[PDB]
Each structure stands twice: as structure tokens, then as C-alpha cells.
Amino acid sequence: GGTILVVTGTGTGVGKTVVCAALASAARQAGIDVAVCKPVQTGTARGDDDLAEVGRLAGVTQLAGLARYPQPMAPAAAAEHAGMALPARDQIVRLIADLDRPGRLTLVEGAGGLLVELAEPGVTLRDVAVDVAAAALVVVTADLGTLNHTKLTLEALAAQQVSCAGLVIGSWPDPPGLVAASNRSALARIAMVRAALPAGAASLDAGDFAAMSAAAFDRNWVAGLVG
């Protein structure tokens, strides 16, 4: 096996996709073999495709999906409104395990927040993390209410003994304000902040995105993610 990180977030819209693509780029630039995995993908009828956005921004070719649903809602809802069923737990776990390899960083991108149902019955990304023995990267906002939403998320990880790989601020303004700058300070007292991605990172072209991604993370923390 290798290193499996689930990428979840304090919510929806926090920047899960751009953070996967950013970690994946910085990891590749570390010479790490990177796979990215999106077990459950909704909103396809709106053009939502996180794996394609990660392939686009980060040049990851090793991409692996499973469930796709048209409506941009929670997977459970999006499935019912298409006459479709959620994946099974072991359908998700098998998909992760088949990508897992020694020396590979495999990134497992959730849908919405940590406690969203991804599989029947009530199976969360947290349960997937326990099974595949993965730690969790938590993508957060810089905005108002992020401390509560983060505290909740981290607490939920610890209740199931799922280690916290770090926090990533998935969109960071410049110049930052008084509330944002106070949040970033407090977030470092709750957990390690592995990065803060400049807003509109998803607009950068291949090179710029990589140059930013190499800049955003500590090279030592990235390099140390994989034996």
C-alpha cells in the first residue's frame, strides 16, 4: 500500500477540488506518483466534473470515478431524482484499494462535507477513511463561521479515530481583512494549516497553477506524505 488521504471540507463550496489539484501538483513536483479518486460525483447535468477539473489544472492522468448523478444536490437526493441507487460501501472501498500502491499518494475527494451519505446505508467519507485507514485533509474557508464548522469537522474525525492530515484554506483573499486574518490565526491553534490557496486559483493556466501549487505547500510536509 501507499498513502491515502481523503480530502473533505467544512462544507460545500470550500474548494475541495482545487485543493486536490493543488496537492496533486505539488506532490508530482516532489516526484511523487499521484492518483486522484472521486467516488461520488453529482451535478453532472450542470457540467460539474471534479476529476476533469483536476486533470485540467494539475495534469493528473490517473483519475478514477464511479458514481455520476445529474442534479447538483446531495448524492442521496441526486440519486433518487434519477431513479438511481448509491454505490455500495465495498464498491467505493474496492475503487480506492485498486489504486493504492507503494510510493503512491492517492487522493480521495469527498462530496460536500464529511458526514454526507456517499453509499448505502448512511456510509460517509469518514467510514471510508476508517476502512482504507486513510487520514483526512480538511478544506476550510477563511470566512465567518469557519471556526465552528472546522471544530465540528475535526471533532467528528476524532470520534472515529481518523487522523487529521491538516487544514487547507481553499480560497484566501489578498489583501486580507480583519476577520479573515483573525480566523487564519485561530485555525493554527486548532490544527496545522498546510496551505492557503489564492482566490481564483482555478483560473490559473497549467504553469501558473503548478508554480502556485509548489509555492502553497511546505515541500517537507508534502515530501513526507509518502514513503
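Just count from 1 along the sequence shown to find any residue number.
Set 178-186 against 57-65 and average the Cα temperature factors; 178-186 ends up higher. Higher mean CA temperature factor between 104-112 and 83-91: 83-91, per the PDB entry. Based on the entry's C-alpha B-factors, the most elevated value among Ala159, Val34, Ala45, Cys164 belongs to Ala159. The entry lists a Cα temperature factor for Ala206 that places it in the highest third of the chain's modelled residues. Annotation for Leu144: CA B-factor lies in the highest third of the chain's modelled residues.
Among the modelled residues of the chain, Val18 sits in the middle third by CA temperature factor in this PDB entry. Looking at the C-alpha B-factors along this chain, the one for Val40 belongs to the lowest third.
Sort the chain's modelled residues by C-alpha temperature factor and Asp127 lands in the lowest third, per the entry.
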